[PDB]
Amino acid sequence: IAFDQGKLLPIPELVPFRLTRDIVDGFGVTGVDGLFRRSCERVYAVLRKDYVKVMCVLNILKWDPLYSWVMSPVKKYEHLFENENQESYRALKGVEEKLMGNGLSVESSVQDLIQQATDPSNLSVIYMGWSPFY
Amino acid sequence: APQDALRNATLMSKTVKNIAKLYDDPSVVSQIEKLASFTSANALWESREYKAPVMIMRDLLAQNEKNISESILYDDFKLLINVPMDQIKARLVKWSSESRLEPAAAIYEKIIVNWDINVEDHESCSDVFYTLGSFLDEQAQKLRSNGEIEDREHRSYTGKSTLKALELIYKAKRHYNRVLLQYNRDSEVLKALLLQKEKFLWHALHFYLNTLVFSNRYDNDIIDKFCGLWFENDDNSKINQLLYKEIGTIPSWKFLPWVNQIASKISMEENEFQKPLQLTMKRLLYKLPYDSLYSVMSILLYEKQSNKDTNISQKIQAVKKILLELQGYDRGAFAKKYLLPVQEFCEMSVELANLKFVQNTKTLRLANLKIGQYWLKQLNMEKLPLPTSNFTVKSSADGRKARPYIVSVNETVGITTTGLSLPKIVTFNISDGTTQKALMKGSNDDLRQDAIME
């Protein structure tokens with residue numbers, strides 16, 4: 001995937017990390033709101049603080065690559081049964097939105113992703129994929 | 001943080017008030033004061049009041065430039081301690097360039113000073129080059145994206161329309177005469193901004209290049225920045241001939257984090273850019289065989305199949321040509337010691353992937369190698385280059401030795417299989433180490449598309 005894409009599909013994916021019920025079961029009481037958020041906040045804050053290096057890495061490795069920007073004919077709807085340089089630009093700019101952000105204050109991003117990640121209102125959409133049960 | 005550091009910056013002032021009275025040595029006490037002023041300027045800058053460090057540094061610099069007593073035997077003590085402090089005006093200038101730009105109160109006037117610093121030759125000059133390079137990049141991009149460059153379109157529109165309607169002068173040639181004069185001024189201005197763009201760029205490259213020659217403290221960041229500026233402007237001789245001439249100075253053999261993106265750009269053209277691109281490639285192939293050869297052998301395997309693209313055909317010849325030249329460069333195909341084996345290994349691996357589709361209802365297919373020729377290959381490769389693991393030369397060092405040489409073993413065994421397709425046996429039999437045991441699972445799928453994300 002690399003960027004987005006799974007947001008399409010014959011039933012789209014949830015972008016927030018799959019903090020489903022078993023993954024967080026490994027958090028020994030006080031799941032998510034304990035050590036997990038604290039670690040997340042430090043990491044996210046650092047990335048926001050330095051910023052430029054992240055964009056640099058992506059920009060160099062994919063400055064003028066031979067990389068394919070989204071293959072659809074053999075993917076996504078492939079599992080169903082019964083732009084050019086503009087895409088590069090558009091996708092890379094989304095990085096700048098996740099970095100820095102508009103919600104600001106760090107915590108706000110972390111809290112938002114968590115609610116989205118665990119809310120069954122979104123989980124109860126997905127076809128198989130990880131099959132968020134078991 | 002400053003909440004602590006400022007206390008000492010303050011103390012230093014208290015402790016130097018009478019240095020002229022501790023001993024009668026004008027030739028050193030003035031130097032001591034310079035140190036103290038510098039130190040506090042930085043302590044302040046780190047917090048707030050950017051206005052103060054800049055004045056401190058501007059005045060300190062001017063005073064140091066006005067050394068007056070540019071040299072003296074000075075006290076023997078001064079000589080003894082000379083290397084313990086000094087100052088380095090080159091460093092002071094750097095700090096002025098930065099102090100004047102962090103706030104906007106200097107526009108780009110910095111350039112009037114910038115060109116003048118011819119630095120020194122020891123250490124810490126790498127900080128100086130680094131900052132100068134960062135400042136040139138910011139200016140180059142601010143200009144590149146400026147409306148002033150975009151404005152060329154307006155000048156073009158005026159040229160197309162005024163040349164018709166005003167030229168027709170259906171209703172004064174006197175007014176039309178202004179079109180030529182103003183148009184010529186517009187053209188000269190557009191030319192001029194493009195020239196500045198190139199000068200900022202060239203010098204930025206020069207400074208990053210120099211930084212990479214003398215230090216390894218933050219080269220981890222510089223190399224990406226350098227690559228960017230170079231690949232960003234793969235156009236004229238103004239940048240590329242100079243790099244061809246200077247880029248060969250890089251004492252290291254790094255670039256590795258994106259060697260795949262270097263090698264893939266090699267093609268056949270008479271142009272600059274391609275020349276130093278190819279030159280760099282040879283530099284690395286010659287000195288660090290195995291760390292470059294896997295990507296080369298990989299592309300050659302790729303190229304031989306589905307040879308439909310016009311670009312792949314060109315790539316084949318470009319790569320093949322270099323590889324043949326490399327055995328020439330080796331001495332007498334000395335490098336055959338690596339290439340023949342690498343080619344054989346790559347071909348064997350390709351065969352294993354192709355042979356993965358052994359069918360049967362089984363999930364084994366062992367009998368050691370049985371028909372596999374790896375049995376011979378593990379022995380022929382009595383000094384086998386390392387597939388993966390974790391290995392580096394840091395910068396240069398020596399890429400001719402690795403633990404993996406003692407990997408002349410295979411542990412040929414049953415293949416992994418489970419879900420999609422089929423895979424190889426872990427095999428490996430490690431080396432000096434007792435691990436490895438990593439199997440292949442060839443198919444097609446994403447290939448390069450996954451590797452790049454990793």
# chains A, B, ... in the order shown; residues from 1 in each chain; ligands from 1
call {"tool": "residues_around", "arguments": {"residues": "range 411-427 of chain B", "least_positions_apart": "6", "cutoff": "9 Å", "atoms": "only C-alpha atoms", "output": "short mmCIF file (atom, residue, chain, number, x, y, z; two decimals) with N, CA and C atoms, in the first residue's frame"}}
result
data_model
loop_
_atom_site.label_atom_id
_atom_site.label_comp_id
_atom_site.auth_asym_id
_atom_site.auth_seq_id
_atom_site.Cartn_x
_atom_site.Cartn_y
_atom_site.Cartn_z
N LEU B 352 15.81 -21.54 -7.88
CA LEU B 352 15.07 -22.06 -6.75
C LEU B 352 13.67 -21.51 -6.71
N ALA B 353 13.53 -20.24 -7.04
CA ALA B 353 12.20 -19.70 -7.04
C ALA B 353 11.38 -20.33 -8.14
N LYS B 356 10.22 -23.64 -7.21
CA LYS B 356 9.40 -23.70 -6.02
C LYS B 356 8.12 -24.43 -6.36
N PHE B 357 7.64 -24.26 -7.59
CA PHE B 357 6.41 -24.90 -8.01
C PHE B 357 6.66 -26.35 -8.40
N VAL B 358 6.99 -27.15 -7.38
CA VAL B 358 7.32 -28.57 -7.50
C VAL B 358 6.06 -29.43 -7.50
N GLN B 359 4.94 -28.78 -7.24
CA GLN B 359 3.63 -29.37 -7.11
C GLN B 359 3.63 -30.43 -6.02
N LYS B 362 2.55 -32.74 -1.13
CA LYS B 362 3.54 -32.66 -0.09
C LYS B 362 3.87 -31.24 0.28
N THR B 363 4.45 -31.09 1.45
CA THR B 363 4.94 -29.82 1.94
C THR B 363 6.31 -30.09 2.51
N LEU B 364 7.20 -30.57 1.65
CA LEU B 364 8.53 -30.98 2.04
C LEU B 364 9.48 -30.91 0.86
N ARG B 365 9.52 -31.96 0.03
CA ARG B 365 10.45 -31.95 -1.10
C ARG B 365 11.88 -31.72 -0.62
N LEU B 366 12.36 -32.62 0.24
CA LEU B 366 13.69 -32.50 0.80
C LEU B 366 14.72 -33.33 0.03
N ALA B 367 15.19 -34.43 0.64
CA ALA B 367 16.29 -35.24 0.08
C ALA B 367 17.50 -34.36 -0.14
N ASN B 368 17.76 -33.51 0.85
CA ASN B 368 18.84 -32.55 0.83
C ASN B 368 18.68 -31.72 -0.42
N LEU B 369 19.73 -31.58 -1.21
CA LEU B 369 19.57 -30.79 -2.42
C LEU B 369 18.94 -31.65 -3.52
N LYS B 370 19.24 -32.94 -3.48
CA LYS B 370 18.80 -33.97 -4.43
C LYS B 370 19.32 -33.72 -5.84
N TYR B 374 23.19 -26.38 -5.33
CA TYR B 374 23.66 -25.56 -4.22
C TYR B 374 24.66 -26.39 -3.42
N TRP B 375 24.49 -27.71 -3.46
CA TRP B 375 25.38 -28.57 -2.78
C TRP B 375 26.81 -28.24 -3.21
N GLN B 436 20.99 -17.57 10.70
CA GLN B 436 20.54 -17.45 9.31
C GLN B 436 19.25 -18.26 9.19
N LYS B 437 19.27 -19.34 8.40
CA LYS B 437 18.09 -20.19 8.22
C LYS B 437 16.90 -19.42 7.72
N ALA B 438 17.16 -18.57 6.75
CA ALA B 438 16.11 -17.77 6.16
C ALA B 438 15.82 -18.21 4.74
N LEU B 439 14.58 -18.57 4.50
CA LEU B 439 14.14 -19.04 3.19
C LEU B 439 13.58 -17.98 2.26
N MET B 440 13.69 -18.25 0.96
CA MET B 440 13.11 -17.46 -0.11
C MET B 440 11.70 -17.86 -0.42
N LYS B 441 10.89 -16.92 -0.87
CA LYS B 441 9.59 -17.27 -1.41
C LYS B 441 9.30 -16.45 -2.66
N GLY B 442 9.84 -16.85 -3.80
CA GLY B 442 9.67 -16.05 -5.00
C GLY B 442 8.30 -16.29 -5.60
N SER B 443 7.82 -15.29 -6.32
CA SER B 443 6.54 -15.37 -7.01
C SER B 443 6.59 -14.35 -8.12
#
call {"tool": "interface_residues", "arguments": {"of": "chain A", "to": "chain B", "cutoff": "10 Å", "atoms": "only C-alpha atoms", "output": "PyMOL selection string"}}
result
chain A and resi 1-2+53+56-69+71+74
call {"tool": "residues_around", "arguments": {"residues": "residue 128 in chain A", "least_positions_apart": "4", "cutoff": "12 Å", "atoms": "only C-alpha atoms", "output": "PyMOL selection string"}}
result
chain A and resi 10-13+79-80+123-124+132-134
call {"tool": "write_last_selection", "arguments": {"atoms": "N, CA and C atoms", "output": "mmCIF file, in the first residue's frame"}}
result
data_model
loop_
_atom_site.group_PDB
_atom_site.id
_atom_site.type_symbol
_atom_site.label_atom_id
_atom_site.label_comp_id
_atom_site.auth_asym_id
_atom_site.auth_seq_id
_atom_site.Cartn_x
_atom_site.Cartn_y
_atom_site.Cartn_z
ATOM 1 N N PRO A 10 -13.508 -2.817 -2.093
ATOM 2 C CA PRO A 10 -14.857 -3.292 -1.985
ATOM 3 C C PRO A 10 -15.083 -3.469 -0.505
ATOM 4 N N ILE A 11 -15.199 -2.331 0.184
ATOM 5 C CA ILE A 11 -15.247 -2.155 1.639
ATOM 6 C C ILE A 11 -13.878 -1.681 2.145
ATOM 7 N N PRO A 12 -13.729 -0.386 2.483
ATOM 8 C CA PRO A 12 -12.514 0.292 2.908
ATOM 9 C C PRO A 12 -12.056 -0.100 4.288
ATOM 10 N N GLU A 13 -10.760 0.064 4.521
ATOM 11 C CA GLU A 13 -10.055 -0.155 5.777
ATOM 12 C C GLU A 13 -10.092 1.052 6.699
ATOM 13 N N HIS A 79 -10.061 -9.212 -4.844
ATOM 14 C CA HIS A 79 -10.466 -10.119 -3.803
ATOM 15 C C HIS A 79 -11.990 -10.254 -3.721
ATOM 16 N N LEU A 80 -12.683 -9.687 -4.710
ATOM 17 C CA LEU A 80 -14.130 -9.710 -4.825
ATOM 18 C C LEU A 80 -14.542 -10.965 -5.592
ATOM 19 N N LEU A 123 -15.280 -0.687 13.271
ATOM 20 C CA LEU A 123 -14.711 -2.006 13.096
ATOM 21 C C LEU A 123 -15.694 -2.876 12.353
ATOM 22 N N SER A 124 -16.977 -2.695 12.655
ATOM 23 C CA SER A 124 -18.040 -3.482 12.065
ATOM 24 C C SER A 124 -18.414 -3.039 10.682
ATOM 25 N N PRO A 132 -11.462 -9.168 12.713
ATOM 26 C CA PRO A 132 -11.284 -8.635 14.064
ATOM 27 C C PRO A 132 -12.127 -9.279 15.137
ATOM 28 N N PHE A 133 -11.926 -10.558 15.289
ATOM 29 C CA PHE A 133 -12.565 -11.411 16.236
ATOM 30 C C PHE A 133 -11.446 -12.265 16.795
ATOM 31 N N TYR A 134 -11.634 -13.591 16.864
ATOM 32 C CA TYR A 134 -10.598 -14.423 17.435
ATOM 33 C C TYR A 134 -10.055 -13.753 18.681
#
call {"tool": "closest_residue", "arguments": {"among": "A:27, A:81, A:89, A:44", "to": "residue 3 in chain A", "atoms": "only C-alpha atoms"}}
result
A:89
call {"tool": "atom_distance", "arguments": {"atom1": "CA of residue 444 in chain B", "atom2": "CA of residue 354 in chain B"}}
result
10.6 Å
call {"tool": "atom_distance", "arguments": {"atom1": "CA of residue 104 in chain A", "atom2": "CA of residue 49 in chain A"}}
result
11.6 Å
